[PDB]
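K.L.:
Before anything else, here's the structure in question.
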Amino acid sequence: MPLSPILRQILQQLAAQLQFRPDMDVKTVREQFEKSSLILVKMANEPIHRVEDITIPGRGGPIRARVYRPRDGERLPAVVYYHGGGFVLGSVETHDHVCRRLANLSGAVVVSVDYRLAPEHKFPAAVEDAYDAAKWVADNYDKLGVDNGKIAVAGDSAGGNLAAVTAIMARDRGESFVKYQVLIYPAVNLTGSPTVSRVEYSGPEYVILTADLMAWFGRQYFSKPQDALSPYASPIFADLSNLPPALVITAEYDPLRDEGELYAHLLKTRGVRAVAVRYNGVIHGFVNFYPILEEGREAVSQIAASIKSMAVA
Amino acid sequence: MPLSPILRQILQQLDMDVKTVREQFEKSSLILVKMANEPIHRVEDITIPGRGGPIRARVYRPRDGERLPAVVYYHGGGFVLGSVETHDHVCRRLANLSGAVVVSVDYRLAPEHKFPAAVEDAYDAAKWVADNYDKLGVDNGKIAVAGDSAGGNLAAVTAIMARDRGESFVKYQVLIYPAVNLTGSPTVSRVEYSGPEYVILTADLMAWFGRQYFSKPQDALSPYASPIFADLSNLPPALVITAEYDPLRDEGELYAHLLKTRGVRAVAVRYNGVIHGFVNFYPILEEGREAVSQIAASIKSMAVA
Amino acid sequence: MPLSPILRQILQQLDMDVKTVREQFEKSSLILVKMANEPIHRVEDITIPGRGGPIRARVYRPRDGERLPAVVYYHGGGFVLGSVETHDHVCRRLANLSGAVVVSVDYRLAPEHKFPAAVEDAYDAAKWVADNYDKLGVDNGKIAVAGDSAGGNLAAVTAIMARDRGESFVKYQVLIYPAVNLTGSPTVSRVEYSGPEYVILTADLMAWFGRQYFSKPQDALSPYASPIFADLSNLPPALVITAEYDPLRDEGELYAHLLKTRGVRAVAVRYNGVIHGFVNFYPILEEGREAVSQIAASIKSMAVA
Amino acid sequence: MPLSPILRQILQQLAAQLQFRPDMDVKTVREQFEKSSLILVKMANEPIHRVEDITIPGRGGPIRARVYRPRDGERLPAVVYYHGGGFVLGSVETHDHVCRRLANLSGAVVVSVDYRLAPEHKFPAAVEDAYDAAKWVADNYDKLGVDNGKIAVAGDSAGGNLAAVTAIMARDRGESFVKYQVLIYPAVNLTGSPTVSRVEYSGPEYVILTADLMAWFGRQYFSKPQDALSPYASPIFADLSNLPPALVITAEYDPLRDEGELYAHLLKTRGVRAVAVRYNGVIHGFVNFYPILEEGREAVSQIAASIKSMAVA
């Protein structure tokens, strides 16, 4: 489909909304991302039964997480959620609405992880935090009132990468705790090898994820560009056998579309149960716009339901 | 994606009498229904009085309660084949996951009952669900319509028919790879995924359904035949599921977009790696299982609205 | 490809009176024609007698000799705009590279002369080239037809018209991003590349051309209006050029394939990174220069045949 | 478009035509390729005014080339042509028909190069030969009766790779002799980074270039897999500035489609004049089937004409 009518206007408004340029400093981009994000969060105005912030001891130091509990009960399913933002931007705050809605619709406790950001903390800082936090959720199921046997990982964009890699790390360690993975338009190839979608939808006219911003993200994340060949950076090059069932959500007008769909297919070739759906008429990051985009609401509903019944399994 | 590996395997394994093709489709469908092995809390067959006589329906009740949400479901089969039986697993599972009463409508089949036979029954069945909320133990303000392939067409047209009479009982429409253009105006996808190598929906079978369904070629120009040419304003919110390797993909995706252009909230999602009719294969296809989960949940929260 | 960089730059730079839009198109076209700065060995304007009166044509002779190959060329402009002047550079260059005499036909424009006006002239002009080989110094066994956009439509329909009368003077047809379906039956590409951001062929301009061209909506069902619905058997070999970012892409590619299905040799090639009408931009677009080179050469060796 | 009606039959016939498997020895695959190729060559039955075989001294030893002269005259345009075959298969013989027709239609002398094959001669053996032969043509213009100022490179598939890399090598050396490049469905990314087309069209049902055969080619060509990162292996990662005007021909149902179209686009981004055309309804290698495929005839006509007027320039 063409770009949704309402989304043209949304991008039109972000046209003269202080645009990104490669020489901008990280603090300014972070601030703008947070402020813009919080408009959408406040718009959503999601309820939640119970919410609190906790500290998880990571290899790199204390890791903050937000626990969203949508109902009472001592053995609820859990989702460890990783926010997007290019490995450089975002926080539990920027994605607070998505996490509340996810909890409410799935009935699962959502644990949103405030993983360390680049360039202050280069790859593999965030990957370590992401595994450490998910493992801690498994180990501390009792304190949390969750079922240690019903933990899923999930994340959007750079967070989809962290979810995918956490599942790989658990697999590599011979661990059972990741039962399900939902990858929301993940980045799975962090090298400069192109796909058609990466070039097709990354021009300045798409705004949300441009070629300039992608390269800038890549420069912040990596100590040296060859680090991108690591399967913990580019999980599309990993051994994909024995990974947990996967739902991969993609967007039609998204640079990362091709690689997301390729990841789903490659999972299948190694015997993993895996589904790839493409949301038509929308851009990368569309889920965060759900208060004003019907595709965003449909996506949260699908993701929530897929986790609740582990439908792909 | 390419074609999912198990689906290639299945396909590689796989002027006729209308009665003979029905038996074959029936036989094949029931293999999948038995594989599903789905439970249901309560199930019963009823007789909806319709304009062409008694319309058989099957009521799937997943739980107790008055004022449950409702889904009027229309089975696929190209307007000529299929029954409440061929789609029983999908309806049990839909009922169970959505928490809603599903009324599966055994609409009149062509070529015996040609267009607009099935369309009248589709509308009569749905409005009868609307007029009997109390007896059904369903809420008259939470009625959805849903259907697959030729069923998706009836679902969409039932919504159009209700709109046309100023009726507002249709609150939500899930169109599972629907047929919205029944004329021969080709789309890229219609030509691309209709070769013999696809089997389930070939150019020959499509042309054959069309000859069974219509009394004359020109009847496909009707908005009740080809909803994609109808006025789409003031229609209920829509979820349109499409398959990647499906002749009807393009028209399905176009229908969602045309709905948007007339101010209706609507979402088109494409399941990669799969063919038309993949929902019925859910017991051996993860895409099938995800679709039923999405459809159930989208109806439960009316997410697109 | 994405949109080629220079073309984005060009686009970013860029109830009306029919006369006013013509002047604007004319003015814009002539900028490109002067940029081209093309030579021609011999050029002259002639008056072909046609069924609606005198049809102006322009004869471009690239070299000496009797029995040169011939190309009857039809300019674009949505049936309403354009002239032999707006496409002069393309015809000089075509003539020069193919070695063939190009007869550019100044067909009658709508809304003054509505369908089937231009179609009769298109056929009359071509058959007149056929009947006057001697006077033109061209071979009556080496006649091709060619045209861009609305011109591609006339080229294809002229071939259909000749076929319909048992006439065999049309030996080859090059359809440069043709309009083969003039009904509103949407294709994915028609919706995808017709937004205001594309400018050259928007949904509004297409709907406007259609209202100028036809006396009534139903006339677009004619095979002389929408050739993609005509019988395509026994038609001359075809080269179909399409643009990647073009509303008419899908129907263009479908026309080549439908030709194949009726046993006609036909090739569809898609130029990436470019929009409808890109051939006329050849002086600043390498894709334009390649297209003219391909078209000239394909006609010279009748390569698809 | 769908797969051409006649091409289904062609692939149907190649279904039970002794199919490839990864453990086959190189000699057997070479023999089958040659025999199959020569059916098409004999079918074409192309004339040529003058033809002879010569020896070109390369860094690695004598290099055989075939000179196709379509007309008389002492300063004709030239095309140095590189046959396809995965870097492992093929010869001047397998592509003899295409070269004669090219010469005849373009009016250029075609020099078809019998470059060294893998695994006997690993990368960069063939790349060295390909540059050496093109340079020799420039240096020996007088002996050949060609214009040293009007030399083009051209090649199909693995040969498109060699043509692209020869142009890069000349550029890197600050040389002017390559004036034009025609890349016929080239392979420009020899790493295992996927594109959608690479996965979509490489199943056994397409026969001509399957995932199995692509990996086998890759194993023969490279001494070690990391050699594939070299820009002389994967020219899509090279600096593409100041390269000669480019025509890139692609096929709709070809694993290499995406990367070919990406190469054309990337050339443009560095200011190179570059056109990508996609032939619908056909597979990789379709040009060699021109006696029975109208798309093959159209392609040779286009390629010939583009070289004759250097139309993209």
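To be explicit about the labels: the chains of the structure tokens are called A, B, and onward in the order shown, and within each one the residues are counted from 1, while ligands get numbers from 1 in the order they are shown.
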Using 10 Å as the limit and counting only C-alpha atoms, can you tabulate each residue of chain B that touches chain D, with its shortest atom-to-atom distance in Å and the two atoms involved, as CSV?
P.N.:
```
residue,atom,partner,partner_atom,distance
B:1,CA,D:200,CA,6.9
B:2,CA,D:200,CA,5.2
B:3,CA,D:200,CA,8.5
B:188,CA,D:1,CA,7.4
B:189,CA,D:1,CA,9.3
B:191,CA,D:2,CA,6.9
B:192,CA,D:2,CA,5.2
B:193,CA,D:2,CA,8.3
B:194,CA,D:2,CA,9.6
B:195,CA,D:2,CA,8.8
```
K.L.:
Restricting the output to N, CA and C atoms, write the selected residues as a compact mmCIF listing (two decimals), in the first residue's frame.
P.N.:
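Contents of the output file again_14.txt:
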```txt
# COMPACT_ATOMS: atom_id res chain seq x y z
N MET B 1 9.80 -13.46 2.55
CA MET B 1 10.30 -14.86 2.56
C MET B 1 10.02 -15.56 1.24
N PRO B 2 10.81 -16.62 0.95
CA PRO B 2 10.40 -17.68 0.05
C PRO B 2 9.27 -18.50 0.66
N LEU B 3 8.80 -19.50 -0.07
CA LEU B 3 7.76 -20.38 0.43
C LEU B 3 8.30 -21.16 1.63
N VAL B 188 -1.12 -7.54 -10.89
CA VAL B 188 0.15 -8.25 -10.99
C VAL B 188 0.08 -9.57 -10.22
N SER B 189 -0.43 -9.53 -8.98
CA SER B 189 -0.44 -10.73 -8.14
C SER B 189 -1.33 -11.82 -8.69
N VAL B 191 -1.80 -12.71 -11.70
CA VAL B 191 -1.09 -13.44 -12.74
C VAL B 191 0.12 -14.14 -12.15
N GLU B 192 0.71 -13.55 -11.13
CA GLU B 192 2.00 -14.00 -10.62
C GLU B 192 1.92 -15.31 -9.81
N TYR B 193 0.83 -15.46 -9.04
CA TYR B 193 0.69 -16.59 -8.10
C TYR B 193 -0.46 -17.53 -8.43
N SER B 194 -0.90 -17.56 -9.70
CA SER B 194 -2.02 -18.41 -10.11
C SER B 194 -1.63 -19.58 -11.04
N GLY B 195 -0.34 -19.86 -11.16
CA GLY B 195 0.09 -20.95 -12.04
C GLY B 195 -0.19 -22.31 -11.42
```
K.L.:
Which chain C residues are at most 7 Å from chain B (counting only C-alpha atoms), as an mmCIF file with N, CA and C atoms, in the first residue's frame?
P.N.:
```
data_model
loop_
_atom_site.group_PDB
_atom_site.id
_atom_site.type_symbol
_atom_site.label_atom_id
_atom_site.label_comp_id
_atom_site.auth_asym_id
_atom_site.auth_seq_id
_atom_site.Cartn_x
_atom_site.Cartn_y
_atom_site.Cartn_z
ATOM 1 N N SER C 185 -10.105 0.385 -12.905
ATOM 2 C CA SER C 185 -9.680 -0.830 -12.207
ATOM 3 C C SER C 185 -8.238 -0.621 -11.762
ATOM 4 N N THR C 187 -4.450 -0.908 -10.245
ATOM 5 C CA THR C 187 -3.349 -1.821 -10.045
ATOM 6 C C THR C 187 -2.573 -1.274 -8.849
ATOM 7 N N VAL C 188 -1.713 -2.099 -8.263
ATOM 8 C CA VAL C 188 -0.878 -1.643 -7.164
ATOM 9 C C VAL C 188 -0.071 -0.410 -7.588
ATOM 10 N N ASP C 250 2.657 -1.592 -13.884
ATOM 11 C CA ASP C 250 2.053 -2.926 -13.777
ATOM 12 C C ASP C 250 1.274 -3.326 -15.034
ATOM 13 N N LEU C 254 2.081 -6.308 -17.531
ATOM 14 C CA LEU C 254 1.015 -7.292 -17.774
ATOM 15 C C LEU C 254 0.701 -7.441 -19.272
#
```
K.L.:
May I ask you to extract the residues of chain D within 10 Å of chain A, using only C-alpha atoms, and to give them as a compact mmCIF listing (two decimals) with N, CA, C and O atoms, in the first residue's frame?
P.N.:
```
# COMPACT_ATOMS: atom_id res chain seq x y z
N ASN D 189 28.56 -8.89 -4.84
CA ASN D 189 28.76 -9.17 -3.42
C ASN D 189 29.02 -10.67 -3.27
O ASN D 189 28.11 -11.47 -3.41
N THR D 191 30.25 -12.12 -0.50
CA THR D 191 30.15 -12.50 0.91
C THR D 191 28.84 -13.28 1.11
O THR D 191 28.07 -13.46 0.17
N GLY D 192 28.58 -13.75 2.32
CA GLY D 192 27.30 -14.41 2.62
C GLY D 192 26.22 -13.49 3.18
O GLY D 192 25.26 -13.96 3.82
N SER D 193 26.36 -12.18 2.96
CA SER D 193 25.33 -11.24 3.39
C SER D 193 24.15 -11.36 2.42
O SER D 193 24.34 -11.26 1.22
N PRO D 194 22.94 -11.63 2.94
CA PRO D 194 21.86 -11.89 2.01
C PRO D 194 21.15 -10.64 1.50
O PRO D 194 21.18 -9.58 2.15
N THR D 195 20.55 -10.78 0.33
CA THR D 195 19.55 -9.87 -0.19
C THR D 195 18.27 -10.70 -0.30
O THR D 195 18.32 -11.93 -0.24
N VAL D 196 17.13 -10.05 -0.48
CA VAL D 196 15.90 -10.80 -0.68
C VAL D 196 15.98 -11.68 -1.95
O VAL D 196 15.65 -12.87 -1.91
N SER D 197 16.41 -11.10 -3.07
CA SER D 197 16.46 -11.87 -4.32
C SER D 197 17.39 -13.09 -4.21
O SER D 197 17.09 -14.12 -4.79
N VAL D 199 17.86 -15.17 -1.76
CA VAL D 199 17.11 -16.24 -1.12
C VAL D 199 15.87 -16.62 -1.92
O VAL D 199 15.50 -17.78 -2.00
N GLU D 200 15.23 -15.63 -2.53
CA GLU D 200 13.95 -15.84 -3.22
C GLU D 200 14.05 -16.72 -4.46
O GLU D 200 13.14 -17.48 -4.74
N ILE D 236 30.98 -4.12 -4.90
CA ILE D 236 29.96 -3.31 -4.21
C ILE D 236 30.49 -2.60 -2.96
O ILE D 236 29.92 -1.60 -2.54
N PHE D 237 31.59 -3.10 -2.37
CA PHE D 237 32.24 -2.45 -1.24
C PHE D 237 33.41 -1.53 -1.64
O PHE D 237 34.04 -0.95 -0.77
N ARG D 257 19.78 -10.32 -8.74
CA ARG D 257 19.05 -9.13 -9.14
C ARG D 257 19.25 -7.93 -8.20
O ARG D 257 19.62 -6.83 -8.65
N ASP D 258 19.02 -8.13 -6.91
CA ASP D 258 19.07 -7.02 -5.96
C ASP D 258 20.43 -6.35 -5.96
O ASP D 258 20.50 -5.13 -6.07
N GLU D 259 21.50 -7.14 -5.87
CA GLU D 259 22.84 -6.58 -5.82
C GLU D 259 23.25 -5.86 -7.11
O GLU D 259 24.04 -4.90 -7.07
N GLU D 261 21.14 -4.20 -9.12
CA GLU D 261 20.43 -2.95 -9.06
C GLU D 261 21.02 -2.03 -7.99
O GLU D 261 21.16 -0.83 -8.20
N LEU D 262 21.44 -2.61 -6.88
CA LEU D 262 22.13 -1.82 -5.86
C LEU D 262 23.46 -1.24 -6.38
O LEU D 262 23.79 -0.09 -6.06
N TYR D 263 24.19 -2.01 -7.19
CA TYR D 263 25.47 -1.55 -7.72
C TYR D 263 25.29 -0.32 -8.61
O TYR D 263 26.03 0.64 -8.49
N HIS D 265 22.79 1.83 -8.48
CA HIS D 265 22.43 2.96 -7.64
C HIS D 265 23.64 3.56 -6.94
O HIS D 265 23.81 4.77 -6.92
N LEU D 266 24.47 2.71 -6.36
CA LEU D 266 25.65 3.16 -5.66
C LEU D 266 26.65 3.88 -6.60
O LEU D 266 27.26 4.87 -6.22
```
K.L.:
Region 82-96 of chain B: which residues within 9 Å, counting only C-alpha atoms, same-chain residues fewer than 2 positions away excluded, as a CSV table (one decimal) with N, CA and C atoms, in the first residue's frame?
P.N.:
```
chain,number,residue,atom,x,y,z
B,22,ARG,N,-16.4,-31.0,-4.3
B,22,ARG,CA,-16.8,-30.7,-3.0
B,22,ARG,C,-16.4,-31.9,-2.0
B,25,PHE,N,-12.6,-31.6,-1.5
B,25,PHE,CA,-12.3,-30.5,-0.6
B,25,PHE,C,-12.7,-30.8,0.9
B,26,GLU,N,-13.9,-31.4,1.0
B,26,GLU,CA,-14.4,-31.8,2.3
B,26,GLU,C,-13.4,-32.8,2.9
B,27,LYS,N,-13.0,-33.8,2.2
B,27,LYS,CA,-12.2,-34.9,2.7
B,27,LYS,C,-10.8,-34.3,3.2
B,28,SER,N,-10.3,-33.4,2.4
B,28,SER,CA,-9.0,-32.8,2.7
B,28,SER,C,-9.1,-31.9,3.9
B,29,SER,N,-10.2,-31.1,4.0
B,29,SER,CA,-10.4,-30.2,5.1
B,29,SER,C,-10.5,-30.9,6.4
B,30,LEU,N,-11.3,-32.0,6.4
B,30,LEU,CA,-11.5,-32.8,7.7
B,30,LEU,C,-10.2,-33.4,8.2
B,32,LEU,N,-7.4,-31.8,8.4
B,32,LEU,CA,-6.8,-30.7,9.2
B,32,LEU,C,-7.7,-30.4,10.4
B,33,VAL,N,-9.0,-30.5,10.3
B,33,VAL,CA,-9.9,-30.4,11.5
B,33,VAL,C,-9.6,-31.4,12.6
B,34,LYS,N,-9.4,-32.7,12.2
B,34,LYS,CA,-9.1,-33.7,13.1
B,34,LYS,C,-7.7,-33.5,13.7
B,35,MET,N,-6.7,-33.1,12.9
B,35,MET,CA,-5.4,-32.7,13.4
B,35,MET,C,-5.5,-31.6,14.5
B,36,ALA,N,-6.4,-30.6,14.3
B,36,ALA,CA,-6.5,-29.5,15.2
B,36,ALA,C,-7.0,-30.0,16.6
B,37,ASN,N,-7.9,-31.0,16.6
B,37,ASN,CA,-8.4,-31.6,17.8
B,37,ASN,C,-8.8,-30.5,18.9
B,38,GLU,N,-9.6,-29.6,18.4
B,38,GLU,CA,-10.0,-28.4,19.2
B,38,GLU,C,-11.1,-28.7,20.1
B,39,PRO,N,-11.1,-28.3,21.4
B,39,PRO,CA,-12.3,-28.3,22.3
B,39,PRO,C,-13.2,-27.1,22.1
B,40,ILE,N,-14.4,-27.2,22.6
B,40,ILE,CA,-15.3,-26.1,22.7
B,40,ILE,C,-16.2,-26.4,23.9
B,41,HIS,N,-16.5,-25.3,24.6
B,41,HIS,CA,-17.4,-25.4,25.8
B,41,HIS,C,-18.8,-25.8,25.5
B,43,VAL,N,-21.5,-26.1,21.8
B,43,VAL,CA,-21.6,-25.9,20.3
B,43,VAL,C,-23.0,-26.5,19.9
B,56,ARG,N,-28.7,-22.8,7.5
B,56,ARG,CA,-28.0,-23.5,8.6
B,56,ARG,C,-26.8,-22.7,9.2
B,57,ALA,N,-26.8,-22.6,10.5
B,57,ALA,CA,-25.6,-22.0,11.1
B,57,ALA,C,-25.2,-22.9,12.3
B,58,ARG,N,-23.9,-22.7,12.7
B,58,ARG,CA,-23.4,-23.4,13.8
B,58,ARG,C,-22.8,-22.4,14.9
B,60,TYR,N,-20.8,-21.5,18.2
B,60,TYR,CA,-19.7,-21.9,19.0
B,60,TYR,C,-19.6,-21.0,20.2
B,61,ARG,N,-20.0,-21.5,21.4
B,61,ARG,CA,-19.9,-20.8,22.6
B,61,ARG,C,-18.7,-21.2,23.5
B,62,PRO,N,-17.7,-20.3,23.6
B,62,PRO,CA,-16.5,-20.6,24.3
B,62,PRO,C,-16.5,-20.6,25.9
B,63,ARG,N,-17.6,-19.9,26.4
B,63,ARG,CA,-17.7,-19.7,27.8
B,63,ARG,C,-19.1,-19.3,28.2
B,71,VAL,N,-19.1,-12.9,16.6
B,71,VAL,CA,-18.5,-12.9,15.3
B,71,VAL,C,-19.3,-13.8,14.3
B,73,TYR,N,-19.2,-15.6,11.1
B,73,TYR,CA,-18.1,-16.1,10.3
B,73,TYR,C,-18.6,-16.8,9.0
B,74,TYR,N,-17.9,-16.5,7.9
B,74,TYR,CA,-18.3,-17.0,6.5
B,74,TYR,C,-17.1,-17.8,6.0
B,75,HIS,N,-17.4,-19.1,5.7
B,75,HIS,CA,-16.3,-20.0,5.3
B,75,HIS,C,-15.9,-19.7,3.8
B,76,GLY,N,-14.7,-20.1,3.5
B,76,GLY,CA,-14.2,-20.0,2.1
B,76,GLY,C,-14.7,-21.2,1.3
B,77,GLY,N,-14.1,-21.3,0.1
B,77,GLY,CA,-14.5,-22.4,-0.9
B,77,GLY,C,-14.9,-21.9,-2.2
B,78,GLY,N,-14.5,-20.7,-2.6
B,78,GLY,CA,-14.8,-20.0,-3.9
B,78,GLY,C,-16.3,-19.9,-4.2
B,79,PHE,N,-17.1,-19.8,-3.2
B,79,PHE,CA,-18.6,-19.7,-3.4
B,79,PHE,C,-19.3,-21.0,-3.8
B,80,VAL,N,-18.5,-22.0,-4.1
B,80,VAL,CA,-19.0,-23.3,-4.6
B,80,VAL,C,-18.8,-24.5,-3.6
B,98,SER,N,-10.8,-15.5,21.2
B,98,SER,CA,-11.5,-14.2,21.3
B,98,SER,C,-12.4,-14.1,22.5
B,99,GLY,N,-12.9,-15.2,23.0
B,99,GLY,CA,-13.9,-15.2,24.0
B,99,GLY,C,-15.3,-14.9,23.5
B,100,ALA,N,-15.5,-14.9,22.2
B,100,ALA,CA,-16.7,-14.4,21.5
B,100,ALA,C,-17.5,-15.6,21.0
B,101,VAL,N,-18.8,-15.5,20.9
B,101,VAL,CA,-19.7,-16.5,20.3
B,101,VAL,C,-19.4,-16.3,18.8
B,102,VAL,N,-19.0,-17.4,18.1
B,102,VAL,CA,-18.9,-17.4,16.6
B,102,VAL,C,-20.1,-18.1,16.0
B,103,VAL,N,-20.8,-17.4,15.1
B,103,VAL,CA,-21.8,-18.0,14.3
B,103,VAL,C,-21.3,-18.3,12.9
B,104,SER,N,-21.0,-19.5,12.6
B,104,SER,CA,-20.5,-19.9,11.2
B,104,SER,C,-21.8,-20.2,10.3
B,105,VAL,N,-21.8,-19.4,9.2
B,105,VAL,CA,-23.0,-19.5,8.4
B,105,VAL,C,-22.9,-20.4,7.1
B,106,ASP,N,-23.7,-21.4,7.0
B,106,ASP,CA,-23.7,-22.3,6.0
B,106,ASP,C,-24.5,-21.7,4.8
B,107,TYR,N,-23.9,-20.7,4.1
B,107,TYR,CA,-24.6,-20.0,3.1
B,107,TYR,C,-24.8,-20.9,1.8
B,109,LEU,N,-24.6,-22.4,-1.8
B,109,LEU,CA,-23.5,-22.6,-2.7
B,109,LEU,C,-23.9,-22.5,-4.2
B,279,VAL,N,-4.7,-20.2,6.6
B,279,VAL,CA,-5.2,-20.2,8.0
B,279,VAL,C,-5.7,-21.6,8.4
B,280,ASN,N,-6.4,-22.3,7.4
B,280,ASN,CA,-6.9,-23.6,7.7
B,280,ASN,C,-5.8,-24.7,8.0
B,282,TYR,N,-3.3,-24.3,10.1
B,282,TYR,CA,-2.7,-23.9,11.3
B,282,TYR,C,-2.1,-25.1,12.2
B,292,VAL,N,-4.7,-16.9,13.4
B,292,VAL,CA,-5.8,-17.1,14.2
B,292,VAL,C,-5.7,-16.2,15.5
B,293,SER,N,-4.5,-16.3,16.1
B,293,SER,CA,-4.2,-15.5,17.3
B,293,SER,C,-4.4,-14.0,17.1
B,295,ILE,N,-6.2,-12.5,14.6
B,295,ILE,CA,-7.6,-12.3,14.3
B,295,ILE,C,-8.5,-12.3,15.5
B,296,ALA,N,-8.3,-13.3,16.4
B,296,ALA,CA,-9.0,-13.4,17.6
B,296,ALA,C,-8.8,-12.1,18.5
```
K.L.:
State, in Å with one decimal place, the distance from CA of residue 273 (chain B) to CA of residue 281 (chain A).
P.N.:
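Answer for the CA of residue 273 (chain B) to CA of residue 281 (chain A) separation: 19.5 Å.
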K.L.:
Quick check for you: according to DSSP on this backbone, which residues of region 22-186 of chain C are classed as strand (DSSP E or B)? Reply as an MDAnalysis selection string.
P.N.:
chainID C and resid 42:50 53:61 68:74 101:106 138:148 172:176
K.L.:
Hey, which of A:59, A:268, A:224, A:312 ends up closest to residue 7 (chain B)? Count only C-alpha atoms.
P.N.:
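Of A:59, A:268, A:224, A:312, the one nearest residue 7 (chain B) is A:268, counting only C-alpha atoms.
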K.L.:
What lies within 8 Å of residue 114 (chain A) using only C-alpha atoms, ignoring chain neighbours under 4 positions off, as an MDAnalysis selection string?
P.N.:
chainID A and resid 63:65 82:83 91:92
K.L.:
Taking into account only C-alpha atoms, which residue in the set D:184, D:105, D:147, D:267 is nearest to residue 300 (chain C)?
P.N.:
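For residue 300 (chain C), the nearest of the given residues is D:105.
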